[PDB]
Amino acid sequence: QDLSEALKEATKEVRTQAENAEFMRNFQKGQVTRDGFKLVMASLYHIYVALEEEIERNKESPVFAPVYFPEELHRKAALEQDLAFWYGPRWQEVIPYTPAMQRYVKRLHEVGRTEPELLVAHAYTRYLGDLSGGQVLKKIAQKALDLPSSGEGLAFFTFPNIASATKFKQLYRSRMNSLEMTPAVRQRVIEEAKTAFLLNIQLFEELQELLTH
């Protein structure tokens, strides 16, 4: 009935697939290396750059404005901070940009440029996924990666302008459900959420091959 309910129900299978991807399965059980973690952070930076650029283009359109929460959710700055730590001061020149990263980025710019009504599917997937699992993954990461005590490297995993992830997720759902769209568009939003999960699955499959070939 509600768009948030329909999204959750329709992507339950691809979401399990994403969790079952070998790279994530290993991450979840504390088997993650510095080389692997670095690759995922670089991935998220490219992804969020593109997403946030497209949110900014579309923030005033009726098809996104109601789910526009810049202060609460923006992740580009946090990833800039972490990548300076993980790759050093010239991080922006040396971070990798792989085919599977580019495929995600390319879709995000297509959506933002020609089908901005679908941007909510991508925002939902990324922001709510990352908000929800960040506390759990952070702990796993700090145990597995044995950071120096230098106060940096994992800013991505804290959304400082959200005091309660639960309360924020309720508001965000409420705002999603207030978006107005034709039936054809609503179908395409749901499909786009599935596409977002598939773009993540393909990313994880690539990172595993790069790490183990």
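Numbers follow the displayed sequence, beginning with 1.
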Exercise. If you average the CA temperature factors over each stretch, which comes out higher, 131 to 139 or 95 to 103?
Worked result: 131 to 139
Exercise. Looking at the entry, does 120 to 128 or 71 to 79 show the higher mean C-alpha B-factor?
Worked result: 120 to 128
Seminar exercise, completed: The residue of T158, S150, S43, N26 with the maximal C-alpha B-factor according to the PDB record is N26
Exercise. Which one, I55, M176, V49, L154, has the peak C-alpha temperature factor per the PDB entry?
Worked result: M176
Exercise. Where does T195 sit by CA temperature factor within its chain: lowest, middle or highest third?
Worked result: middle
For this session: Classify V32 as lowest, middle or highest third according to the C-alpha B-factor given in the PDB entry, relative to its own chain.
Result: highest
Exercise. Within this chain, which third does the Cα B-factor at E209 fall in: lowest, middle or highest?
Worked result: middle
Exercise. Of the three thirds of its chain by CA temperature factor, lowest, middle or highest, which one includes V63?
Worked result: highest
Problem set entry | CA B-factor ranking of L39, expressed as a third of its chain | lowest
